[PDB]
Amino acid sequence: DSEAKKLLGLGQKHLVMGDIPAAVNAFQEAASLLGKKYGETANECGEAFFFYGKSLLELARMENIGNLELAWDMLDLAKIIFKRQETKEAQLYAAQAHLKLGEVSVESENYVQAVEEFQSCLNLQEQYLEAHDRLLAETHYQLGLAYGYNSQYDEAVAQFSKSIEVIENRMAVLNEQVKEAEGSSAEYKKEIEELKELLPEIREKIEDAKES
């Protein structure tokens, strides 16, 4: 059982390293152990199945049952396991599973399902997070992407502007916190400037979507 958590950590480190095949192998072994022990529905398999589906999505993306199909299966199982549990951690993990389902849908050229999954993730995130969370910006960005792919360019620029809006709100909140905090005078400004570096490419996406 401890080896399953070791496999999970190894797979996460491999995904961050960029060795997607090794990450897929480790996550697959961990998911196999958890499913053979607790059952392919129990709560202990949630994170394992989620990371398995995420690694399968990374594999499919690098390559550019099928990888996208198996990723959808694992992520939807994980989404079920998370949604059935009524805690904040589980709900945010279910939102992440929805986000990964939407990304798998984008890679599968199924943009309607992609916009549905991104909307579900955003609903969970907005009801369990604060209005200046970087995750909300990320989800709005993915949603605008899906809108642009689906030729809904008005909604695309709307979602991109919403991501910009939440980024700027977080910038203002962090400026307030760096002004009203004592002993942490640099991390907030560094994160502000990181978001400022992120902003212009989102504006370029706005322009590109306006171009259609």
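Residue positions are given as counts along the sequence shown, with the first one as 1.
When you step from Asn64 to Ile65 in this entry, do you jump over none, 1 to 3, 4 to 9, or 10 or more residues of the deposited sequence that have no coordinates?
Missing in between: 10 or more residues.
Mean Cα B factor from the PDB record: higher for 196 to 204, or higher for 9 to 17?
Averaged over C-alpha atoms, the B-factors run higher in 196 to 204.
Mean Cα B factor from the PDB record: higher for 19 to 27, or higher for 185 to 193?
Looking at the record's C-alpha B-factors, the answer is 185 to 193.
Taking the values straight from the PDB record, which of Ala172, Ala42, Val157, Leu68 has the highest C-alpha temperature factor?
Answer, based on the entry's C-alpha B-factors: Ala172.
Tell me, lowest, middle or highest third: where does the Cα B factor of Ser55 rank within its chain?
Lowest third - that is where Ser55 ends up once the chain's C-alpha B-factors are sorted.
Sort the modelled residues of this chain by their C-alpha B factor and say whether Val178 lands in the lowest, middle or highest third.
CA B-factor rank for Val178: highest third.
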